[PDB]
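Next comes just one chain, in structure tokens: the form deposited in one PDB entry.
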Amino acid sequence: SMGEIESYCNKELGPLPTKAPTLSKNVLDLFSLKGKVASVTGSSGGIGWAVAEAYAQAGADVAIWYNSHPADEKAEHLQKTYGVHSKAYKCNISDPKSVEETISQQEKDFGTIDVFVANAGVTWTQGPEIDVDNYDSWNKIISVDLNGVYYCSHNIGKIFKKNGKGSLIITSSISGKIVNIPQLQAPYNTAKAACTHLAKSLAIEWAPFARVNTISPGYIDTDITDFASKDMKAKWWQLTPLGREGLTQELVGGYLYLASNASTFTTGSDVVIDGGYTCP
């Protein structure tokens, strides 16, 4: 440590400045995932399936994840339609040994993992916490929506570090930045705020070998909000600047942006896709 500029963030970067990547000079080539492997949790569900198919369209091999709804059909659909390799894996994301085994098997099956999306999650549907005295509900939210994200993150970081490259995207929510109304869901908001700032924290720790970012969707038309009444959804619309819920196909551009070489200087960022909801 003489004659070196040492990072205040992370000395594993080595002597500063680090070298910039060599990129295509054409912007469209930056979004290609040809030659890359993506792994997407919760891809039996609405957002995860849309992201999985978009990544296959961009050229990636795709590992699909499910728990209570088998998705082998879905992996086979990607193989037949786009000619990529795709396989589906069953895993309860709450079980850290299962997450480790699943990610290790995917590395064997596909050779490596270049892009990881920690997307699986569940809602809180029980109203104000003051009336919920059984902590099982709190524990469930924290276990699936925070611990499960961390188990995925801890395991994939080791692969990214071994290979010297990677992009991790965590699906957070506008709930990590604001307090949803009129449905009261403090435990879910808490878990999502934790996810957003876990991502920023890992962006510093992993900077020598990977990027880490969040996508924070607003209200998207999937089954996850099927608990909402029609008067509840109407109030969401009234408070959304664009005046509606979004579709899953309006998220896939952002997931591909973060996954690909279009975003090689983007890390620790929270890409909000919410029709303006967090602005008013």
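Heads up, when I say rigid core I mean the largest set of C-alphas that superpose within 1.5 Å between the two forms. The numbering used is simple: start at 1 and walk along the sequence shown.
Beyond the structure shown, there is the form deposited in another entry, which is absent from this document and is the topic of what follows.
Aligning the rigid core between the shown form and the other one and inspecting 160, 110, 151, 124, the C-alpha positions shift by 2 Å or more at one residue, which is 124. In this overlay on the rigid core, residue 191 has a C-alpha that sits 2 Å or more away from its partner position between the shown form and the other one. Core-superposed comparison between the shown form and the other one: the C-alpha position of residue 182 differs by no less than 2 Å. Panel note: the distance between the CA atoms of residue 65 and residue 176 is larger in that other deposited form than in this form, the difference being 3 Å or more. Compared with the form shown, the residue 92-residue 183 C-alpha separation decreases in that other deposited form, the change being 3 Å or greater.
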